[PDB]
Amino acid sequence: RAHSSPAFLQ
Amino acid sequence: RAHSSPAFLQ
Amino acid sequence: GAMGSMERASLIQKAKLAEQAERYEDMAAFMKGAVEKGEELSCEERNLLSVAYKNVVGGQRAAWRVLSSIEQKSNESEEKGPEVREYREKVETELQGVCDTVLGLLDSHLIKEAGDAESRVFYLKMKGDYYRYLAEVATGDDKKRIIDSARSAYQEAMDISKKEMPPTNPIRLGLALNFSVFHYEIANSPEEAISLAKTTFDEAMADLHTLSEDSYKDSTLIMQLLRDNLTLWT
Amino acid sequence: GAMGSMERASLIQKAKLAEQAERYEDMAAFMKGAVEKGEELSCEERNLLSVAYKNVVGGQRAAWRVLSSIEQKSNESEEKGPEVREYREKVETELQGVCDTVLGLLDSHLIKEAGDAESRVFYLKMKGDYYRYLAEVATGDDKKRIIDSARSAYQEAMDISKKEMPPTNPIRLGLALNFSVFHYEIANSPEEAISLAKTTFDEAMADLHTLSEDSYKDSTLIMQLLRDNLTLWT
Ligand SMILES: [Mg+2]
Ligand SMILES: [Mg+2]
Ligand SMILES: [Mg+2]
Ligand SMILES: [Mg+2]
Ligand SMILES: [Mg+2]
Ligand SMILES: [Mg+2]
Ligand SMILES: [Mg+2]
Ligand SMILES: [Mg+2]
């Protein structure tokens, strides 16, 4: 499985 | 904190 | 109950699937439904019931401790309103509800039908455990009575376990471990906790020679927890 | 809604407490209540909303994958009845319900009121993400339409982000990362996924010189995820 974005984005 | 028993006991 | 239309065997099968998926709230709901079918539980089924509720209440206890610590810091300095207390109370009430659910299953009617030592001690230990979790959050005029209820359940379980089980039995060991934690953390009796842990460990040590390789592993795993607590307490 | 009587500021305060206690279902319910007050969300509040629902749906996706794998093995050899399919369907329906809830908040009325690039891109990315989670479990005559809905939301977000944000912006980077995952895992377009990840990484690299130490850390953290995927895919 690939990595997706963290929920917190600055 | 102390350790208590696991839930599974043989 | 929402599980009244599901077969007992299907509830057990789904509890095992829920365990594999780490869906412990579902697992507990399936096992509650299985208990409410009214038949006694096998060894495997009793352990499914305990695993499910221990994980549910474990998340609630961890959350309660986080919120209680925040609340304690708030009362040392800037006023922030009622929200911390309100939310701690919300989590506390849900924790108490789960404990009451488990205690209700034990009272209707798991304990009264449990005649063999392995089942009866297991359920009385659970009764002590869930009163102990209630005692962890109790602060009012009922703290003393909750503590007495835990003590009484643990004591009945201890009396049976000493008469009917070998000192290496994992249920007997886990009961003694938890009663010792009760003494240390709930009952303000650290010397009793230490004495019980030491005597339990030593009596089990002297009986290990009777065990198979697999039973030896089962017993020594719990004995190590007693040793870990003794290291923390002494 | 059960949160209609609670102050907006109290809902936000309790969402932060729920995060500290790892009570993500509570956190999501508090943030849903905050959204339903009807005011736009600040940067901090948008991130609370995303953290809450991403953790809720993350547990459901992990459980669904466990159950789907068990179900697939069952159809290779002994018949065990309908229970695995039933329970997989139960988890799937709850997952779809959470995705529909998030999509409903975005549609009523977060996206239509979001005019600044940072808010609008963040919400359109979320719309693509939750359609992507729906696509992960879709199998019927609606899989193609769900995939198209995810693609369309991601594409609108990409168009805005390229026109309005620098190539190092963490929202722009996280959007490109997730659209690349969409291409690889959902849309059967691994070459598009690889091209997008590479171009995104290289354009960000060339803009790092403009950033402070703290912004450099923010951007490079996401860039490393693009690199990790490229290593997995090539
Ligand atoms: Mg039947
Ligand atoms: Mg001050
Ligand atoms: Mg209370
Ligand atoms: Mg009986
Ligand atoms: Mg107001
Ligand atoms: Mg066969
Ligand atoms: Mg379905
Ligand atoms: Mg606006």
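FYI, residue positions are counted from 1 along the chain as it appears here.
Backbone N, Cα and C define each Cβ position, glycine as well.
Feature annotation from the PDB entry assigns expression tag to C:1-5.
The feature phosphoserine is assigned by Swiss-Prot to C:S10, C:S77, with a large-scale study or a structure entry given as support. The site 'Interaction with phosphoserine on interacting protein' annotation in Swiss-Prot covers C:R61, C:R132.
One residue stands out among the modified residues C:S10, C:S77 for having the most other Cβ atoms within 10 Å of its Cβ: C:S10. The shortest Cα-Cα distance between C:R61 (site 'Interaction with phosphoserine on interacting protein') and any of the recorded positions C:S10, C:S77, C:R132 is the one to C:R132.
Here the CA atom of C:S77 (phosphoserine) lies 32 Å from the CA atom of C:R132 (site 'Interaction with phosphoserine on interacting protein'). Just so you know, the Cβ of C:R61 (site 'Interaction with phosphoserine on interacting protein') picks up 17 other Cβ atoms within 10 Å once every protein chain is counted. Filtering the recorded positions C:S10, C:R61, C:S77, C:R132 for a Cβ under 8 angstroms from any Cβ of chain D leaves C:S10, in order along the sequence. In the shown protein chains, 25 other C-beta atoms lie within 10 A of the C-beta of C:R132 (site 'Interaction with phosphoserine on interacting protein'). Cα separation, C:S10 (phosphoserine) to C:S77 (phosphoserine), rounded: 54 Å. A coil conformation is recorded for C:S77 (phosphoserine) in the three-state DSSP classification, outside any helix or strand. One thing to note is that 2 residues go unmodelled from C:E76 to C:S77, and the Cα atoms at each side are 6 Å apart. Taken residue by residue, the expression tag (C:1-5) breaks down under DSSP into 0 helix, 0 strand, 5 coil.
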